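K.L.:
experimental structure below, sequence on top.
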Amino acid sequence: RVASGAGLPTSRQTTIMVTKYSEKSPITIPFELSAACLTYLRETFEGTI
Amino acid sequence: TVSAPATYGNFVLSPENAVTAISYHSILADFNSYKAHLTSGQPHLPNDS
């Protein structure tokens, strides 16, 4: 604020309080695995080379 | 009383057989013996796979 001449009006604003709300925006992405991939990953046959 | 084999024999793919199975969809058993005879110039293998 600027202190002014006694005849000019003015205001008493020292502070004001303002609230901001968070804006939500989720993201997503898929990835896919085949049943054969899961079989060979999980069920490790002793088997061969 | 006759003498009989006590267990099943084991047939194993060599790593060259892995490469050629993946690439050419085919196997040549005893790949390395064919290889060594072919480079040495010798026409007869001692036995089969």
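P.N.:
Cool, got the structure. Residues are numbered from 1 along each chain as shown, chains lettered A, B, ... in the order given.

K.L.:
going by C-alpha atoms from here, please, whenever you check contacts or count neighbours.
P.N.:
OK.

K.L.:
residue B:29: how many residues sit nearby?
P.N.:
Neighbours of residue B:29 under the rule other CA atoms under 10 Å in any protein chain shown: 16.

K.L.:
I'd say it and residue B:17 touch.
P.N.:
Yes - with contact defined as CA atoms under 8 Å, residue B:29 and residue B:17 form a contacting pair (7.2 Å).

K.L.:
which SSE is residue 11 in?
P.N.:
Chain wasn't specified; assuming chain A. Residue A:11 belongs to no helix or strand when assigned by DSSP states H and E.

K.L.:
give me the nearest residue to residue B:43, chain neighbours excluded.
P.N.:
residue B:37 (7.0 Å; CA to CA, 6 or more residues apart in numbering or on different chains).

K.L.:
which residue is the nearest non-sequential neighbour of the residue most central in space within chain B?
P.N.:
Centroid check for chain B by CA atoms, centre = their mean gives residue B:30 as the closest residue, at 2.2 Å. Leaving out its chain neighbours, the residue that sits closest to residue B:30 by CA to CA, 6+ apart is residue B:49, at 6.2 Å.

K.L.:
can you map out the helices along the chain?
P.N.:
No chain in the question, so chain A it is. Ranges of helices within chain A are A:35-42, based on DSSP state H.

K.L.:
switch to chain B, that's the one I care about
P.N.:
Ranges of helices within chain B are B:15-24, B:31-40, based on DSSP H.
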